[PDB]
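J.: Have a look at the structure that comes next, please.
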Amino acid sequence: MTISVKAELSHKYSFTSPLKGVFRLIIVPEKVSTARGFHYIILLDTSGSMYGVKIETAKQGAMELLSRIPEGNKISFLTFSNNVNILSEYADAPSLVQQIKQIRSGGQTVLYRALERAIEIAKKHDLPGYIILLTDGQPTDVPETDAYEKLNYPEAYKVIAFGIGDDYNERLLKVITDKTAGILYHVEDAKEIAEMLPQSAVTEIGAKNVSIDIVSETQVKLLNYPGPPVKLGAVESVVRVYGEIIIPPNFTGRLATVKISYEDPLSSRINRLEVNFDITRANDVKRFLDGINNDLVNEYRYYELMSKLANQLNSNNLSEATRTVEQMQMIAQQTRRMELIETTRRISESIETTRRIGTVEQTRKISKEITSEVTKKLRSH
Amino acid sequence: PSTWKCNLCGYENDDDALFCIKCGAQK
Ligand code: NA
Ligand SMILES: [Zn+2]
């Protein structure tokens, strides 16, 4: 029913140089209530390559997903592949079961036109929501990733993409999710679809229609969310928003103010939260460096490097990928956090083995795996 | 040698980074 905010800046004092301050906003949902008033838009690829276990498992998972969504929500279902086909628009689930059962495989993949249609449908109404997308191959209408960069996605609509198999374009889906504060799930086995797709249903939330505005006297740059302002349809689990802000030399005063607004999903009340980053000028270097939260600097750098890692594997720069994961290891071990240390081992782990195999087959695989993991680490649990 | 040192802190900062990672000072 509510949201709590802890906001931390890396620097307490400024000094003689332009400084790259980094900040973290931790948003915690409290006493979570049933999620209602959301518009789920499902985009299912039914191309020829989908024939078999992939599409039957997707159909069953879709029905289970519809079962899991609470009742006060609207559902749209699209099937795209040779042409876009709307099964239902802004409706309820009972309509779809019979139609889901008649889905057939066949045709190319027209992801661009399906996304355009999903955007139009989302923009037909004033509800936040989600775009649940499953595909197993590249788009055949628009394979250029830059085109998916330029789309005007609906605000407060998070894209949950399920990339199936070894033939889709992980970089394109990453662009989609990055532009929509979304999540990319790599699915290597169709089995995974049956347990994973229903989890994209949001049952209980701490806030609805969240708006994070950042009023700064200097340039502000978010790491893992579009904005500022950040427009999140809902808060289901802890949100960590990372960003950078240029602290000018010898600055003193109110550097930035973060205003968070949201709707109580139960009381339907507008709550507004306000945090101030007040900085002073340091008159000594030891006095300036003691004002640095080095753990936050290391955490921000860690996630920066992880984003770079996804990009580098997408670019086949395995050498830089190795150097990057190594730095992530050093950061994890410097923070003495078991969770980060293992996560980084598991990744270095894979990168070294791919360098062993030294084939596009394997590089392209771990690219998918790690590209998904980046989005998951940066925008959930 | 092809790295750069930060003056405010004492970190050896790669020419890859324009800002110091330990302290945030500009190149
Ligand atoms: Na496909
Ligand atoms: Zn420094």
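Within each chain, counting starts at residue 1; across the structure tokens, chains are named A, B, ... in the order shown, with ligands numbered 1 upward in that order.
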Could you list the residues in chain A lying within 6 Å of chain B, using only C-alpha atoms, and format the result as a PyMOL selection string?
T.: chain A and resi 17-20
J.: Would you mind exporting the chosen residues as a PDB file, in the first residue's frame, restricted to N, CA, C and O atoms?
T.:
```pdb
ATOM      1  N   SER A  17      38.020  19.752  -8.184  1.00  0.00           N
ATOM      2  CA  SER A  17      37.863  19.197  -9.517  1.00  0.00           C
ATOM      3  C   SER A  17      36.392  18.968  -9.835  1.00  0.00           C
ATOM      4  O   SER A  17      35.581  18.773  -8.922  1.00  0.00           O
ATOM      5  N   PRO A  18      36.004  18.998 -11.112  1.00  0.00           N
ATOM      6  CA  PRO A  18      34.687  18.446 -11.462  1.00  0.00           C
ATOM      7  C   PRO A  18      34.617  16.993 -11.014  1.00  0.00           C
ATOM      8  O   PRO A  18      35.489  16.185 -11.338  1.00  0.00           O
ATOM      9  N   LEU A  19      33.584  16.666 -10.246  1.00  0.00           N
ATOM     10  CA  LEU A  19      33.463  15.357  -9.619  1.00  0.00           C
ATOM     11  C   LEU A  19      32.301  14.604 -10.247  1.00  0.00           C
ATOM     12  O   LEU A  19      31.272  15.198 -10.572  1.00  0.00           O
ATOM     13  N   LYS A  20      32.463  13.298 -10.418  1.00  0.00           N
ATOM     14  CA  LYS A  20      31.364  12.438 -10.848  1.00  0.00           C
ATOM     15  C   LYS A  20      30.768  11.818  -9.590  1.00  0.00           C
ATOM     16  O   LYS A  20      31.215  10.769  -9.121  1.00  0.00           O
TER      17      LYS A  20
END
```
J.: Using DSSP assignments from the backbone, pull out every residue in stretch 148-260 of chain A that falls under strand (DSSP E or B) and give it to me as a VMD selection string.
T.: chain A and resid 157 to 164 183 to 187 204 to 205 207 to 216 220 to 222 230 to 235 239 to 247 253 to 260
J.: Dump C-alpha atoms for the selected residues as a JSON list (two decimals), in the first residue's frame?
T.:
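This went into again-v7.json:
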```json
[["chain", "number", "residue", "atom", "x", "y", "z"],
["A", 157, "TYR", "CA", 4.46, 0.02, -19.75],
["A", 158, "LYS", "CA", 7.22, -2.43, -18.84],
["A", 159, "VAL", "CA", 8.30, -4.89, -21.54],
["A", 160, "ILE", "CA", 8.84, -8.45, -20.33],
["A", 161, "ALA", "CA", 10.53, -10.27, -23.22],
["A", 162, "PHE", "CA", 11.03, -14.04, -23.32],
["A", 163, "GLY", "CA", 13.71, -14.83, -25.89],
["A", 164, "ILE", "CA", 13.38, -18.48, -26.89],
["A", 183, "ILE", "CA", 13.18, -7.51, -18.25],
["A", 184, "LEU", "CA", 14.74, -9.91, -20.76],
["A", 185, "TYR", "CA", 14.44, -13.62, -19.94],
["A", 186, "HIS", "CA", 16.62, -16.04, -21.88],
["A", 187, "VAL", "CA", 14.75, -19.33, -22.37],
["A", 204, "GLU", "CA", 0.74, -7.69, -5.29],
["A", 205, "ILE", "CA", 2.35, -4.25, -5.44],
["A", 207, "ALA", "CA", 2.73, 1.39, -5.34],
["A", 208, "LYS", "CA", 1.04, 2.22, -8.64],
["A", 209, "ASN", "CA", 1.85, 4.95, -11.17],
["A", 210, "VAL", "CA", 5.20, 5.86, -9.62],
["A", 211, "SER", "CA", 6.92, 9.03, -10.85],
["A", 212, "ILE", "CA", 10.52, 9.84, -9.87],
["A", 213, "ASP", "CA", 11.56, 13.39, -10.76],
["A", 214, "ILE", "CA", 15.12, 14.67, -10.29],
["A", 215, "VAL", "CA", 15.53, 18.44, -10.05],
["A", 216, "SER", "CA", 19.27, 19.04, -10.31],
["A", 220, "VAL", "CA", 21.88, 13.95, -14.22],
["A", 221, "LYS", "CA", 22.23, 10.56, -15.91],
["A", 222, "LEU", "CA", 20.47, 7.36, -14.90],
["A", 230, "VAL", "CA", 11.31, 7.69, -14.19],
["A", 231, "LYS", "CA", 7.77, 6.50, -14.91],
["A", 232, "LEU", "CA", 7.14, 3.06, -13.39],
["A", 233, "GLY", "CA", 3.70, 1.47, -13.70],
["A", 234, "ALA", "CA", 4.08, -0.34, -10.38],
["A", 235, "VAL", "CA", 6.52, -1.36, -7.66],
["A", 239, "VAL", "CA", 13.78, -1.06, -6.90],
["A", 240, "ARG", "CA", 17.39, 0.15, -7.06],
["A", 241, "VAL", "CA", 17.82, 3.25, -9.24],
["A", 242, "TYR", "CA", 21.44, 4.12, -9.98],
["A", 243, "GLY", "CA", 22.64, 7.40, -11.42],
["A", 244, "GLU", "CA", 25.43, 9.90, -11.86],
["A", 245, "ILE", "CA", 25.44, 13.66, -11.29],
["A", 246, "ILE", "CA", 28.28, 16.09, -11.97],
["A", 247, "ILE", "CA", 29.27, 17.84, -8.73],
["A", 253, "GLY", "CA", 24.54, 23.88, -1.24],
["A", 254, "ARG", "CA", 21.51, 21.97, -2.50],
["A", 255, "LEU", "CA", 22.90, 19.87, -5.35],
["A", 256, "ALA", "CA", 19.69, 18.03, -6.23],
["A", 257, "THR", "CA", 16.20, 17.23, -5.00],
["A", 258, "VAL", "CA", 14.43, 13.96, -5.83],
["A", 259, "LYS", "CA", 10.62, 14.07, -5.73],
["A", 260, "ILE", "CA", 8.89, 10.68, -5.72]]
```
J.: Counting only C-alpha atoms and all ligand atoms, what residues are within 12 Å of ligand 1, given as JSON, numbers by chain?
T.: {"A": [44, 45, 46, 47, 48, 49, 50, 51, 54, 55, 79, 80, 81, 82, 105, 106, 107, 108, 109, 110, 111, 112, 133, 134, 135, 136, 137, 138, 139, 140, 141, 143, 162, 163, 164, 165, 166, 167, 168, 169]}
J.: Need to verify the contact set: residue A:149, 10 Å, only C-alpha atoms, exclusion of same-chain residues closer than 2 positions in sequence. Can you return it as a list in words?
T.: residues 144, 145, 146, 147, 151, 152, 153, 172, 175, 176, 178 and 179 of chain A
J.: Between atom CA of residue A:331 and atom CA of residue A:345, what distance in Å does the model show, to one decimal?
T.: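 Computing it gives 11.9 Å between the two atoms.
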J.: Within 12 Å of ligand 2, which residues of chain A show up? Give each one with its shortest atom-to-atom distance in Å (one decimal) and the two atoms involved, counting only C-alpha atoms and all ligand atoms, rows by chain then rising residue number, as CSV.
T.:
```
residue,atom,partner,partner_atom_place_in_ligand_line,distance
A:15,CA,ligand 2,1 (Zn),10.8
A:16,CA,ligand 2,1 (Zn),11.4
A:17,CA,ligand 2,1 (Zn),9.6
A:18,CA,ligand 2,1 (Zn),10.9
A:19,CA,ligand 2,1 (Zn),9.1
A:20,CA,ligand 2,1 (Zn),10.2
A:21,CA,ligand 2,1 (Zn),11.8
A:285,CA,ligand 2,1 (Zn),10.4
A:286,CA,ligand 2,1 (Zn),11.7
A:288,CA,ligand 2,1 (Zn),10.6
A:289,CA,ligand 2,1 (Zn),8.7
A:292,CA,ligand 2,1 (Zn),10.6
A:294,CA,ligand 2,1 (Zn),11.5
A:297,CA,ligand 2,1 (Zn),11.7
```
J.: Which residue is closest to residue A:197? Choose from A:94, A:23, A:28, A:132 and count only C-alpha atoms.
T.: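 With only C-alpha atoms as the atom set, the closest residue is A:132.
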J.: In Å, with one decimal, what is the gap from atom CA of residue A:68 to atom CA of residue A:38?
T.: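 Pair atom CA of residue A:68 / atom CA of residue A:38 returns 13.3 Å.
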J.: Which polymer residues have any atom within 6 Å of an atom of residue A:11, counting only C-alpha atoms, with same-chain residues fewer than 2 positions away left out, as a PyMOL selection string?
T.: chain A and resi 9+13+291-292
